[PDB]
Structures are given as C-alpha cells and as structure tokens.
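Colleague: PDB entry and its sequence, pasted below:
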Amino acid sequence: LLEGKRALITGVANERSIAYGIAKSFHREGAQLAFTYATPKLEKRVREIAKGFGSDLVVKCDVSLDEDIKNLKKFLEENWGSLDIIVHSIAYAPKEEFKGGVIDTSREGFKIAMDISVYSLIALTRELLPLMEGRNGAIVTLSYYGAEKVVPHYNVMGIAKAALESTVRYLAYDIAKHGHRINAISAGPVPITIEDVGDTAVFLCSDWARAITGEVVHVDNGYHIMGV
Amino acid sequence: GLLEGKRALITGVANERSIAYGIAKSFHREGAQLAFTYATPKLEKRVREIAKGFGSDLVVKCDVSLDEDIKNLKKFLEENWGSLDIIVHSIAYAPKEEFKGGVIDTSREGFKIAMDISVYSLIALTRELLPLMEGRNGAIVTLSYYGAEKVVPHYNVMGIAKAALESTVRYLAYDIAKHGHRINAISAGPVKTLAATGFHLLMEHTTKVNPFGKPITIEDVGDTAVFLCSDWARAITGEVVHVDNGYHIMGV
Amino acid sequence: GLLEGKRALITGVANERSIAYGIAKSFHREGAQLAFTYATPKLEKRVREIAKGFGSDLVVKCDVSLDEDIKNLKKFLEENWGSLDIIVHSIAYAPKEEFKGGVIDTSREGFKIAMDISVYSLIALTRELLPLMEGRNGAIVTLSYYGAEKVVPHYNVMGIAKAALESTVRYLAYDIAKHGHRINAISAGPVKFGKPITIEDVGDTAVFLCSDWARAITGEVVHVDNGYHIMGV
Amino acid sequence: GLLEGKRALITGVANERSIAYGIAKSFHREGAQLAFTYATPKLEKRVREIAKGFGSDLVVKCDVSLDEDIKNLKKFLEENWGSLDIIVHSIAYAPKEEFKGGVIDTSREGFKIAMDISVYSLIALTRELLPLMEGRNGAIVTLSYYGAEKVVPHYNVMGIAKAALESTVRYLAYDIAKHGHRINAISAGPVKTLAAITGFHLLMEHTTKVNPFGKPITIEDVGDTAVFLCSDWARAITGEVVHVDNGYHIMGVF
C-alpha cells in the first residue's frame, strides 16, 4: 500500500499499456500520480487517463533528450517538490530490427534501442534522485525473458533487456547510499495481465519490499522455469 | 488484510527470533488464520505460547524425518480446518559438525540428514497437504540462501541442500500448477536465529558488503512472504526472490 | 598429446555407449593412462574388456554407496600407481519409479538414494583420493544436465540431484584449490542446432577441462549440448 | 596442433600484454594462420611487428565504429584468404570518465560509444564476415567479464555492455547455427593490460585475494581456452559463457 506516496509513471500510451496497469494498481493503493507522454500525439489520451485517476500532472518527455529529462525534474520540483517512486516502462527499437535475427541489426537501430530502452533509466534515476532525498524511494523497470534466453524475433530488445537488468544491479548499488531501491519485473506476454504487473509493482515499490533491491522478479505464470 | 480468509500452516517456529515467527507476524497482521508445527517435544511450550499470542490454538508436533508425523499433520489439519491455502516451509538442519571444515569433509550420514530434512521435507509436505488445498488458490513458500548459488565458506552441505531446494521449487511449480497452486522461494540474507561455525563473521561480512550496510530482519521476510502467498502474486511461481538488502548483486 | 604422463581414474563405464566410455576413448587418444571402477560384479567382465582395449589392466569393484569400497579404491590406486592426476565422475542413479509422475511423487528412500549415489559419491571420491593428487595439480570432471537449471518433465529427482551436484562442484572447487586442483562439470545434452550430442563431444570437452590448458577454469559448468541451453523458445 | 589449417582473424591487439596477444600466441602454437586488425594509425607499427613475430604479413586498420572499415576488412580478407574459420573479438572501450563514479553518473554519449564499440562491433563483424566462413565449421569467440553478472564498482557502463554482449552471443549462436557456425564468450578475470581505469589496482588486488587460487589469470590462460572453443573439439558448444578466472565466479563472500 502506497498511501502518502508520490509516483511518476512513464510509458502510458493507452489503456493497454503495461504502465496503465501499474498506474491502476498504484491508484487503488493510494498513490498520487504524475505522467509523462512520449510524443505530442499521445498528450490527449495520457491527460484523459491521468484525469481518470484524479491527476492533472502530465508532462511531455522524450527520454532521448537531455533537456526533456531536466524539464521533468523542474515540473516535479514545482508541483510536488519531492518524489517517492519512478515507474520506468520505456522500450523501443525501430520495427525493422525485429525482422531477421540479431545478425541483421543496424548500427543506428542498435544505438536507438539501447539509448531509449536502457540509458533512459540511468538519466531518469540520476536526474530525479535529489527529489527522493530522505524518502526511501523505489524504482521499478520492465524486462522480458528474452534478456536471458533466445526468443526468436525479439532480437535487439533481448540484448537491450540483458543490458537493462545489469543496469538495475549497478543502479541498486549507486542508490542504496541514499536509501532507495530499484528492481525489474520480467513480464510474460501481456499470457499474464497488466494487473499482474501492477500488483507486483505496488509490492516492489512499497515498504514491504524494503529488503529487495537489484532483483528481477518473473511475472510470467512460471514460463521461466521450463526446460522443454 | 491481503490474506483475509486464508489459512496458513507455519513450520519452523522455535522462538521469537525464528524466520517463521516473522512470517507468522506478517501473516497475522494481514488477516491469515494460523496453524503451527513444532519439531521436538521440548519446543511444545513456547510454540503453543507463540500461537496463543497470534490468537491460534492449532499447534501439533511434526518431525519431518517421519512419514507418520507428516500423515498425522494432514489428519490434524483435516480435523481442524478441512481446507488450506498456504504452506510456509521454514525447515533446515544439518549436524553442526558438517559446518566445521569444507564440503570435502561432509560425512555421508550428515549429508543424508541435511538433504532429507532440508529438501525432501518440502516434497513430503506438498504431496501430503495438496488435497486440502483443492479448490483454493494455494501458495507455498520455502526459505533458501545465497549459499545455493555461490560458495559461502562453512555453509557447506547446506549450500548443496539449498541448491537442491531451489530446483525442487521449480519442479514442484510444474506439478502443482495443474491444481491451481503456486510455490516460490525466498532467498533470505543471514539472520541471527537459534538455528543459524563462523556465523558471526558471515553476518558481519554480509552486512559490510550489501549495498545497505545492514542485515535483513525476519519482518522483511514476512512481508515478502505475504505478497508471494497472496492473490497479488497469482502470476508468480517457481521463482526465487532475494530478500537480502541487495547482497546478491555484489561481485566485489 | 594433451594428457601425456597423466593418470586418470574413470568411473561409470557400463558398456561402449556409456558417457564414461567416450571420455575414456578421448583420454586414451590423448595419452592418459587409465584405471576403471565397475559398479556391480555383473559389470566386471565388460569393464575389464573395455579397459584391456585401452591397454589397461587396472579395474576395481566400487559401489560408491559403501565407504569401504571408496577406501579400497584409494588402496588399489596407492598400490598400482601411487599417484593420481584426474578423476572422471560419471555416476548418477535413482530408482526407476522416481521418474514416473512428477517430483511431487518422489519417495523418501528414492530421494535419499538419488542424492547419495548421484551427489555424495563425488564428495567421498574427492576427499578420499585427494592425497594421491598431492603436488600434481589435478583435475576432476563430473556430468550434469539442463534439468538441474530448468524443468525437464520426468527428469524429476535427477533434476534436483543435478542442481545439488553443480553446487557441490562450486564448494569442492573452493576446497581443493588450496591443494592446486580443479573440478568442473559438463552439462551434457541428450546422448546419441539443438540436437543430440555424442559421447565423443563429452570426451573431447573432458580432455580439455582435465588438461593444463584449462588451468584457469574451476567450479564451472560447461554446456555440451549443441546450444540447447540458450533457447527460450 | 588443434588449429592446423584454420585461419583466424585477431582483433584487439595493442601490445604484448593484450588479451588478444595471448590468444594469437596460443593459436600460433596450435597451427592457425593469423590476420590482425589495428584500431588506430598509431598502433600500426606495433601490430605489424607482433604479426611478423607469428609469421603473419596480414595486418589491416579497422576502426569498428566505422561501417566502411568493416567493409574494407571484409575486402582485405577476401583478397588475402578468401575463406575464414575463426573470429577473435577482443574489443572493449568506454571513455575514461565513465569509470570515475557509478553507473548513475554515466553520460549519454559515453554510453552510446561503449555499447557501439563493445557490443555492436560483434554483430557488425559477424554479419560482414560470415560469407567468408561458408562451408567451414566456423567459430567466433568474444571476451566478457564477471561485471556483466554482478556489480563490480567502477566497471560501470562496461558491466552493462558485457551483459548485452553475453545476450548478443546467445542470439548470434541461434542465427549462425544454420550456417554451421558457433560463437561463445570467455568471461576472463582481470589482467593488467593497456586497456585496463579507475580503481584497477584495487580490483586486481581484491580479485586475486578472493579467488580460490589466490592469483590472477594470464593472457595465455585465455588463449588456451580460446583454442579449445575455436577448435572442432568444441563442435557441440555454442552460445556458452566460459569463466576463465581462477574460480572467482564461484565465490559468495569477498
């Protein structure tokens, strides 16, 4: 339960977004919410979604842009002045990258995949950590089994998610000095539901999970266990 | 109230410092009804007193080395509940001599005991009690330790047992899924318990190395156990969750 | 050749299709001298015949469930060789009943037997034979399977045993490194892309892992499985 | 030798302390014919002299950040060999500043460079050179580090890179298997190289104290493992990460 907690939600595009399921569970559990939208064409839907949860706090943020990350800090500084939770649900590679195999990955497509899907977590964490000072905050990100095993056609995203899980470990080391935690949910195809992810996110971002950091929790109906 | 209307069997309570006591405490807070085993006749008194403190009258002797004790446990729960939601498996033992040198010095008999009590008991309890869980959204949780994954000097045969335990969890998840049940492990960091050679140094080293510079508590385990045994974790099975203040991340 | 001047004990040969036979074959090719255990009297004839074909007359009965058989094996090696370089541990068993149903159906006695034969035997052999390896920089190799890591239906208690075995390899690596020795596991795919491997695949990997070329490798599990382990399907 | 009649491309030699030099040395002992890349014009002389020492006249400049250099590398190998058995990928870089604090302090540009040079280069080289391996039983080996799996302070963005690299190896194994080829990683322990950074001495000391042998690995340990992994003895081994680290990876206390 997240009473008194202020959470930033990234990655809401619509009502089927994994981040929507997280926001839904967070709202139920008493969290106040703020949202990013990735592009201008998503602003209307994200604003409506935020309003449906009683939030008017919506800000444009292209995570490939340093200036947008700094602007996000400023927006949160001005409207809240502190922060408890970051939900990082941002993953992208150009669609061409999923055709063929990893062997067919373009250099630019690789750069884009890593920057959006992995570096964005570092940039958000660095920039927003000051807002969390003295709060014992929590960050959660999303991964997939393709990080650990070959899922054909997942391609560069399997590489990105392996990098992401390592990033979670290093960031856990960094931010523990300031009292904060960061974990990943390795989600099955959304099969699980977005609500399965959301309820797991609530726990991991709650004080009940105070001893859990740098962990990857599989929310996948046990898919990960199978050897055949 | 995440466990409202849930019935949970708690194994492994010896005293108020036991990991299972932490689990009972969190489960109680969250609305679970509790039943307890005690391992040896000497523990009866304090386990009954502990149960009473949680509003439970259900305490029964169960030495998991004994097939008849497991059967009688089932009979006891059939009479007093007739359905079951949760099994907390917090049982680990090896003769103390097995911790003195290295794994190379493990005795055959000590090995057999360690695996039987620390691993096989999970299989026996799961098989025996599964019928009582029918129609329920059952959850089982067991306790492991990082010594399953890496070498922790003096943990020895228990590092072998815990690796077997985590594999056992995976196979059991596969078995019990078709009955609508889940099973997971909590890989807990060191806690100063009655149950837990070289402990002081292990505890000190772990505390120094983990990113928080502090040990976990039995309450940390309990709160994680609540989640994993609740319907919020309906999509989580065969998983090992580290409740260790980040110790598992370090490559120093 | 890679194993010249090295003396290797081979456990687990039952016949020419035994994984240990492939290891013995590769070991022989590479110049190792060989000694064999046989598990039961009814296997003596075939094992002696196999040993002879490799130019060995060093064959000894060893039921690894028996402490006295393990002590006796040390004596046999002390008498005939007086030193040792390599142990090949290829010993895994559970009563056939245990592979019916799932792990949930495992009997207590079947579990005890599986762990004792498949896992504890490695500890007992390593402890007992380590003195013979003194000052040689020895190497031990054991066998595992992907069912240690992931669920392979019907592998059951052996999946538990193999997970325990791999952990045992790590702890033993820690123990024996201070005496200059190494121990590793080969996680073999099913035996003769992600297709069945051969006993020769295992054998040539065993030679490397038990050679001085692998001097920096210990407590490792090497998958010899045509890449099966990578798949998330 | 185990590599008799095999032709191997060696990337990443800067001097005789380089991990790739150890690999070249073992490969040479074992009968491989060698070709070398050098990363920058300043390394040319050094790498040509090292190649000469192994009886090789095949050295070519290849900056892996450049698509045209990878294309020209292929053209060079087509002209001088026309077939290829082995690629040794020993390429890792991030700007020095990235090792100074924690991963939290990583710059966007330093991250991009690290991933491009340390990870993407493997994909580029594998894709470009695979045709030269057609009909051969090819093998590729790359170098990783335990920082891919666990937190090694100050290894930072390289620990992210190496985790991506190990995943890249798995996916490439899947891709190249249908052409009869294999690819593996050696997760090597610390070695004092030109390339190996903030806190190196302490990392080296700590690793040496903690590993069960109480000593670091050598470039020759890596070389001998690479020979096996790139030989037909390892025909059944692909997508694997092999720790060549004197047992460091087993330790759960430090």
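Modeller: Received the coordinates, thanks. Numbering: from 1, shown residues only, chains lettered A, B, ... in the order given.
Colleague: got the residues of chain A near chain B?
Modeller: A:169, A:172-173, A:176-177, A:181, A:188, A:192-193, A:196, A:199-200, A:202-203, A:208-215, A:217-222, A:224-226 (Cβ under 8 Å from any Cβ of the partner chain). Backbone N, C-alpha and C define where each C-beta goes, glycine included.
Colleague: Let's see which of the residues you listed end up in strands.
Modeller: A:181, A:217, A:218, A:219 (DSSP state E).
Colleague: picking up where we left off before, now, of the residues of chain A next to chain B, which are buried?
Modeller: Among those, those classed as buried by neighbour count (16 or more other Cβ atoms under 10 Å in any protein chain shown) are A:169, A:172-173, A:176, A:181, A:188, A:192-193, A:196, A:199-200, A:202-203, A:208-215, A:217-222, A:224-226.
Colleague: near chain D, from those residues?
Modeller: Answer for these near chain D (Cβ under 8 Å from any Cβ): A:169, A:172, A:173, A:214.
Colleague: and the last one, what does it touch?
Modeller: Contacts were defined as Cβ atoms under 8 Å, 6 or more residues apart in numbering or on different chains; by that measure residue A:214 touches A:168, A:169, A:171, A:172, A:173, A:182, A:183, B:211, B:246, B:248, B:249, D:151.
Colleague: what does the first one give?
Modeller: Contacts were defined as Cβ under 8 Å, 6+ apart; by that measure residue A:169 touches A:214, B:249, D:150, D:151, D:159.
Colleague: out of the residues you listed, who's nearest chain C?
Modeller: Of all the contacts of residue A:169, residue D:150 has the smallest distance to chain C: 14.9 Å, by Cβ to the nearest Cβ.
Colleague: beta partners for the residue nearest to residue A:200 when sequence neighbours are not counted?
Modeller: Nearest non-adjacent residue to residue A:200, counting by Cβ to Cβ, 6 or more residues apart in numbering or on different chains: residue A:219, 4.9 Å away. Per DSSP bridges, the residues bridged to residue A:219 are residue A:187.
Colleague: before we move on, what about residue A:86?
Modeller: residue A:8, residue A:139.
Colleague: Just give me the neighbour total for it.
Modeller: Residues lying near residue A:86 (other Cβ atoms under 10 Å in any protein chain shown) number 24.
Colleague: for residue A:147, same thing?
Modeller: 26.
Colleague: Over to it: give its phi and psi.
Modeller: Residue A:147 adopts backbone torsions of phi -70, psi -30, taken as degrees, to the nearest 10.
Colleague: Check residue A:210 too.
Modeller: Residue torsions, per degrees, to the nearest 10, at residue A:210 are phi -60, psi -20.
Colleague: cool, and residue A:59?
Modeller: phi -140, psi 140.
Colleague: could you check the angle helix D:121-129 makes with the longest helix seen in chain A?
Modeller: Scanning chain A for the helix with the most residues, using DSSP state H, yields helix A:156-175. Put simply, helix A:156-175 runs at 160 degrees to helix D:121-129, going by axes from the mean of the first three to the mean of the last three Cα atoms, to 10 degrees.
Colleague: Can I get helix A:156-175 in CSV, CA atoms only?
Modeller: Extracted C-alpha coordinates of helix A:156-175, given in CSV (Å, rounded to 0.1, in the frame of the first residue of the first chain):
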residue,chain,number,x,y,z
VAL,A,156,18.0,-6.3,-30.3
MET,A,157,15.4,-6.0,-27.5
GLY,A,158,16.8,-9.2,-25.9
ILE,A,159,20.2,-7.5,-25.9
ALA,A,160,18.7,-4.3,-24.5
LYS,A,161,16.8,-6.1,-21.8
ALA,A,162,20.0,-8.0,-20.7
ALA,A,163,21.7,-4.6,-20.5
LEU,A,164,18.8,-3.2,-18.6
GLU,A,165,18.9,-5.9,-15.9
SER,A,166,22.6,-5.3,-15.4
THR,A,167,21.8,-1.5,-15.2
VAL,A,168,19.3,-2.3,-12.4
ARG,A,169,22.1,-4.1,-10.5
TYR,A,170,24.6,-1.2,-10.8
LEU,A,171,22.0,1.5,-10.0
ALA,A,172,20.9,-0.5,-6.9
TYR,A,173,24.5,-0.2,-5.7
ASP,A,174,24.5,3.5,-6.5
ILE,A,175,21.2,4.5,-4.9
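Colleague: Determine how far it lies from the middle of the whole chain.
Modeller: What separates the centre of helix A:156-175 from the centre of its chain is 12 Å, taken as Cα atoms, centre = their mean, to the nearest Å.
Colleague: what do you get for stretch A:63-82?
Modeller: For stretch A:63-82 - counting by Cα atoms, centre = their mean - the centre lies 16 Å from the chain centre.
Colleague: can you check stretch A:191-209 too?
Modeller: The answer for stretch A:191-209 is 12 Å, by Cα atoms, centre = their mean.
Colleague: now stretch A:16-35
Modeller: 12 Å.
Colleague: Spit out the contact partners of the most centrally placed residue in chain A.
Modeller: With distances taken as Cα atoms, centre = their mean, residue A:88 lies nearest the centre of chain A, 1.6 Å away. Applying Cβ under 8 Å, 6+ apart to residue A:88 gives the contacts A:10, A:11, A:120, A:121, A:124, A:139, A:140, A:141, A:142.
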